[PDB]
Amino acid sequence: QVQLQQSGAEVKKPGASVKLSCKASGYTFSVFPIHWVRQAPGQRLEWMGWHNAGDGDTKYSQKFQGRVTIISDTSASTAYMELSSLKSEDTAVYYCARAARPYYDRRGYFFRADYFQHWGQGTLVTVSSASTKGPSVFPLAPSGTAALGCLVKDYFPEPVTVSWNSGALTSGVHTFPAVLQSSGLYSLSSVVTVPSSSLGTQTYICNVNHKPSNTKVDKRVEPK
């Protein structure tokens, strides 16, 4: 099976550089062009460049030429992209995608086949002057159907995973998208709707995991 495995998320300060990896499996990595496409949060897809390993054919976009470079190691079946002179606007998810093989037609003209049939899972690159910080978890307590939740406040960088009751409680849970505050730190809310009869009976614990900071917090949301 074709699989494009990308490197883990990266956090960088403005001006620094980042090197991302895209390991290919399940196909002849040498003969297929691999494109690099990025996507700012909530923004459109943006093509950056392509590179074919066996050919050495390389083409960058005008916006990233001079600060970008795409190489490959055919032995490791891995394509590398390196973006330099990073700025806050480079904060995005960077995908590697495999295109079809280019061809010649009846008259001898070279045609590319740059439709992306296989994508990697993407690598998040956060560029910010903020330093890595773990979240503080505060209970959102209830007073028919009741609502309770947790406040994941003042953490950096994204993301955070929030589960309820060690993974058991999943129905009625709404983990909201994070928002970037002016302090440069993220804040997030996770809520769940439960029956008011169960407000007593069941114990409700939210489990917050911030892998960037190796911070795991288990907070119980009890009615005050």
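Throughout, we count residues from 1 along the sequence that is shown.
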- Query: Just how many deposited residues go unmodelled from residue 85 to residue 86: none, 1 to 3, 4 to 9, or 10 or more?
  - Reply: none
- Looking only at C-alpha temperature factors in the entry, 199-207 or 8-16, the higher average sits in 199-207
- Message: Tell me which stretch has the larger mean Cα B-factor in this entry, 77-85 or 94-102.
- Response: 77-85
- Item | Residue, from 157, 66, 184, 177, that the PDB entry assigns the highest Cα B-factor | 66
- Query: Per the coordinate record, which of the options 107, 118, 153, 133 holds the highest CA temperature factor?
  - Reply: 107
- Message: How does the C-alpha B factor of residue 148 compare with the rest of the chain: lowest, middle or highest third?
- Response: middle
- Task: Name the third of the chain's ranked CA B-factors that contains residue 37, choosing lowest, middle or highest.
- Result: lowest
- Note on the structure: residue 122: CA temperature factor from the record, placed by chain third, in the lowest
- Taking the chain's C-alpha temperature factors as the reference, tell me which third residue 164 falls into: lowest, middle or highest. middle
- Message: By the recorded C-alpha temperature factor, relative to the other modelled residues in its chain, which third is residue 113 in?
- Response: lowest
